[PDB]
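Asker:
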Ligand SMILES: CNC(=O)c1c(-c2ccc(F)cc2)oc2cc(N(Cc3ccc(B(O)O)c(F)c3)S(C)(=O)=O)c(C3CC3)cc12
Ligand SMILES: CNC(=O)c1c(-c2ccc(F)cc2)oc2cc(N(Cc3ccc(B(O)O)c(F)c3)S(C)(=O)=O)c(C3CC3)cc12
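Residue numbers (PDB author numbering): 1 to 149, 154 to 540, 552 to 563.
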C-alpha cells in the first residue's frame, strides 16, 4: 500500500509566505548572521511529497500479537465518557482554522447557534454513515530553522472544524486517559519535565549495567498502515464506552483516520492518503500506542533484558540491562530488523549508549548542573540552535505560536533559556509594557494562553525552585551553547550577563509581580544572591486542543 497517491495538483498556501528572516531595530541585538535563518514554504512541498510517498509492507508475528493482547487487557479496564457539544467547544483553540460552512473557532467557543447546529448535524452524520470518506485539507507548515551545513516543509493534513469538535466529543476522554493505563510509566506525556528527568535517572540507576538507545523511525506518519490504524481502533473499543461513542469511533476510523482524499487550500483534489493524518485528534495517542506496540514486540525479538521504554508520539527510548558491548550491538540490529518488518525502519540506525546524557530524544538530552547548596541537579536541555533562530524571527514578526515562551517554560533550567531567552524577551516586554498581556504558546503540543508575569510560578511547578539557582553547568553543555552563539552571530554569554542585570533592575523597579520576575528569573545575574522561597496530567497533546 502506497502511503500517498498524487494527482499533480500543487499544495498551495492560504496566505503569503516569508522564507527570509524579517529584520527590525531589535534583530541585531540577538542575532547577526541573518541569512542562516529561514522559514519553510509550500515551494518545497513537492520535495516533501517525494520523501513521504512509499510502499509499506508489514509482517506480523507472535511477539506483536502477544503485546497487543496485553495492551487490550489493560484498555479493557478504562471507562471513557462522551463530551457534550459545549465541553468539546470549550476545548477548541481561539485561533483554530475556521469551518468551510460559515463559522469559526470563536463562534464554536461562544456556542453560537450556527456553529452548534452544524456540529449537531456533523455528529448525526457520523452516527448514521460509517463509509463515506471525509474530506481533508493538506497544507505546508511554515516553520523556522537554521541552515544545516534546507529542510523541505512538513505537510499537515486536517479535517473541517465541525469534524474536529466531533472528534473531541467521541474521543477526547479516551485519548486523555487510555495511554497511561495501557503503557504505565512508559507514557511520556504524564510527566512534568522535572518528573521525567527523575524517572530517567531512576530508570538508569535501576539497572546493574545500564545500556540505552533512541530509535527514530523515518517519516513515522507515512509508516502507519491501515492495519495499524484498525488495531488502534480495536484498542479504543476495548474501553467501557457509551454506544454512541462506539459508533462515532468506528465511523471516524473508517471515514477519516484510515485515509481519505486530500484537498488543497484552493479546493483542488491533490490525491489520497493511506497513512496517519498529522492533524487529527488521535494522532498523538495513536502514534504513541503504535510505537509502544511495535517497539515492545521488537524488544522481545531481540531478547533485551529488563527493558524500560519511554514513548512520546514517534519518539522512543529503551533503557535495559547490558549483556556486554558486543552482545548489545548485535541485539540492536535484531531490534531494528523486527521494527522494519513491522513497517518502521530507522532514519539513522540505533546506537547503544552507556552514559544517560549521550541519549538524545525529542531533540533533548539529560545534563547536570548544581543548585545553591552545590548538590547535583539533573535537567533536560537541547541544542539551542532552533530555539534561537525562532526567537530571532519572533523578535521582528508576531507569530501564531510564541515558541520563545514555550521554550522558556519547557527548558527553564537551561543555561541558554535563562541567560538569552529570558533576558532578551523580558527586555522587549518591558519596553512595550506588555508583561501582563497573555500570549499563545504550546506545552507538549497543547495550546495555552499565558502571561509572562506568571512564569515564576509555572517554572516552580514544572521544574522545582532549583531552576532559579542552577550553576556549574557542564563543560560540554557550555561549549555547545557558546559554539551555537558564534555560529549564529549571537552575542557571547558575558554580554547576556551584563544585559540581565539591567533587565532585572528594570523589573525590580516596577514592584509587584514584575519584581517577582526580577527576583526569581534573574537571581543568576546578581553576585549577592536573594533567598528564594516559595513564590505565593491534563491529557491533551496535539490535535487542536486549548485550555483556559
Ligand atoms: C521518549 N522521549 C522522551 O519522553 C523525552 C526525552 C528523553 C531524553 C533522553 C532520554 F534518554 C530519554 C528521553 O526528553 C524529553 C524532553 C521533552 N521536553 C522537550 C520537548 C520536546 C518536544 C516537544 B513537542 O514539540 O511536542 C515539547 F513540547 C517539549 S520537556 C518540556 O523538557 O520535558 C519531552 C516532551 C514531552 C515532549 C519529552 C522527552
Ligand atoms: C552574577 N554572575 C555570576 O556570578 C557569574 C559569573 C561572573 C564571572 C566573573 C565576573 F567578574 C562576574 C560574574 O560567571 C558566571 C558563569 C555562570 N555559568 C554559565 C556561564 C558560562 C560561561 C560564561 B562566559 O564564558 O561568558 C558565562 F557568562 C556564563 S557556569 C560556569 O556554568 O556556572 C553562571 C551561572 C549561570 C548562573 C554565573 C556566572
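No residue lacks a Cβ here, since even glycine has one placed at the ideal position from N, Cα and C.
DSSP on residue 286, reduced to helix/strand/coil?
Answerer: Coil.
Asker: So, with DSSP's three-state summary, where would you put residue 223?
Answerer: Coil at residue 223, not helix or strand.
Asker: For residue 446, write down the residues that DSSP places opposite it in a beta bridge.
Answerer: DSSP output for residue 446 lists 451 as bridge partner(s).
Asker: Which residues bound the beta strand (DSSP E) around residue 136?
Answerer: Looking at the DSSP string, the run of the beta strand (DSSP E) that includes residue 136 is 136 to 140.
Asker: Hey, quick one: how far does the beta strand (DSSP E) through residue 240 stretch, first residue to last?
Answerer: Residue 240 -> not in any beta strand (DSSP E); alpha helix (DSSP H) instead, spanning 230 to 240.
Asker: Would you kindly report the start and end of the unbroken alpha helix (DSSP H) that includes residue 198?
Answerer: From DSSP, the alpha helix (DSSP H) with residue 198 extends over 197 to 209.
Asker: With DSSP as the reference, label residue 75 as helix, strand or coil.
Answerer: Here residue 75 sits in helix by DSSP.
Asker: Please write down, chain order preserved, every residue whose beta carbon lies under 6 Å from a heavy atom of ligand 2.
Answerer: Checking every Cβ against the heavy atoms of ligand 2 under 6 Å gives 419, 475, 476, 477, 482, 496, 497, 498, 501, 528, 529, 530, 531.
Asker: Please state whether DSSP places residue 148 in a helix, a strand or coil.
Answerer: Reduced to three states, the DSSP call for residue 148 is coil.
Asker: Using the C-alpha atoms, what's the distance from residue 435 back to residue 513?
Answerer: For residue 513 and residue 435, the distance between alpha carbons rounds to 14 Å.
Asker: In the DSSP output, what is residue 369 paired with across the bridge?
Answerer: For residue 369, which the question treats as bridged, DSSP gives the partners 385.
Asker: Taking only heavy atoms of ligand 1 into account, decide whether any of them is closer than 7 Å to the Cβ of residue 368.
Answerer: Within the cutoff, so yes.
Asker: Identify which residue in 250, 92, 472 has its Cα closest to the Cα of residue 523.
Answerer: When each option's Cα is compared against that of residue 523, the closest is 472.
Asker: Using CA atoms only, rank isn't needed, just tell me which of 402, 418, 477, 474 is closest to residue 445.
Answerer: For residue 445, the nearest C-alpha among the options comes from 402.
Asker: With DSSP as the reference, identify every bridge partner of residue 20, one or two as the case may be.
Answerer: DSSP output for residue 20 lists 38 as bridge partner(s).
Asker: Does residue 559 pass the burial test, meaning 16 or more other C-beta atoms within 10 Å, or should it be called exposed?
Answerer: The residue in question, residue 559, is buried, as its Cβ has 16 or more Cβ neighbours within 10 Å.
Asker: Over what stretch of residues does the alpha helix (DSSP H) that includes residue 123 continue unbroken?
Answerer: It spans 113 to 128 - the alpha helix (DSSP H) in which residue 123 sits, taken as one unbroken run.
Asker: CA-CA distance, residue 466 and residue 194?
Answerer: The straight-line gap from Cα to Cα measures roughly 12 Å.
Asker: Between the C-alpha atoms of residue 156 and residue 517, what's the straight-line distance to the nearest angstrom?
Answerer: Near 43 Å, if we compare the C-alpha coordinates of residue 517 and residue 156.
Asker: Give the secondary structure of residue 295 by DSSP, where H, G and I count as helix, E and B as strand, and everything else as coil.
Answerer: DSSP places residue 295 in helix when its eight states are reduced to three.
Asker: With distances taken from CA atoms, which of 228, 209, 124, 31 is nearest residue 256?
Answerer: It is 124.
Asker: Between residue 211 and residue 303, which are expected to be in contact by the criterion C-beta below 8 Å, what is the C-beta distance as a whole number of angstroms?
Answerer: No, residue 211 and residue 303 are not in contact; Cβ-Cβ is about 14 Å, not under 8 Å.
Asker: Ligand 1 and residue 364: does the residue's C-beta get closer than 7 Å to at least one heavy atom of that ligand?
Answerer: Checking the Cβ of residue 364 against ligand 1 gives yes.
Asker: May I ask you to report which of helix, strand or coil DSSP gives residue 13?
Answerer: Coil, per DSSP.
Asker: Can you give me the start and stop residues for the alpha helix (DSSP H) that residue 308 sits inside?
Answerer: Element bounds for residue 308: n/a, residue is neither H nor E.
Asker: Below 8 Å, how does it come out for the region 303 to 322 and the region 331 to 350: are there three or more Cβ pairs, yes or no?
Answerer: Enough Cβ pairs lie closer than 8 Å, so yes.
Asker: Below 6 Å CB to CB, which residues in the same chain sit around residue 311 once its five sequence neighbours on both sides are set aside?
Answerer: Taken in chain order, the residues that qualify are 303, 322, 324.
Asker: Using 8 Å as the threshold, is the C-beta distance between residue 41 and residue 275 below it?
Answerer: The answer is no: Cβ separation not under 8 Å.
Asker: Rounded to the nearest angstrom, how far is the Cβ of residue 343 from that of residue 219, given a contact under 8 Å?
Answerer: Right, their Cβ atoms sit about 7 Å apart.
Asker: Three-state secondary structure (DSSP) at residue 59?
Answerer: Residue state, collapsed to three classes: coil.
Asker: Going by C-alpha distance, which of 9, 126, 377 is nearest residue 265?
Answerer: Closest by alpha carbon: 9.
Asker: From the DSSP output, in three-state form, read off residue 262 for me.
Answerer: Correct three-state label for residue 262: coil.
Asker: Considering only the beta carbon of each residue, do residue 384 and residue 372 sit closer than 8 Å?
Answerer: For residue 384 and residue 372, no; Cβs fall outside 8 Å.
Asker: Compute the minimum distance between the beta carbon of residue 314 and the heavy atoms of ligand 1, and state whether it is under 7 Å.
Answerer: Result yes, Cβ under 7 Å from ligand 1.
Asker: Which class does residue 322 belong to by DSSP, given the choice of helix, strand or coil?
Answerer: Looking at residue 322 - three-state DSSP - the assignment turns out to be strand.
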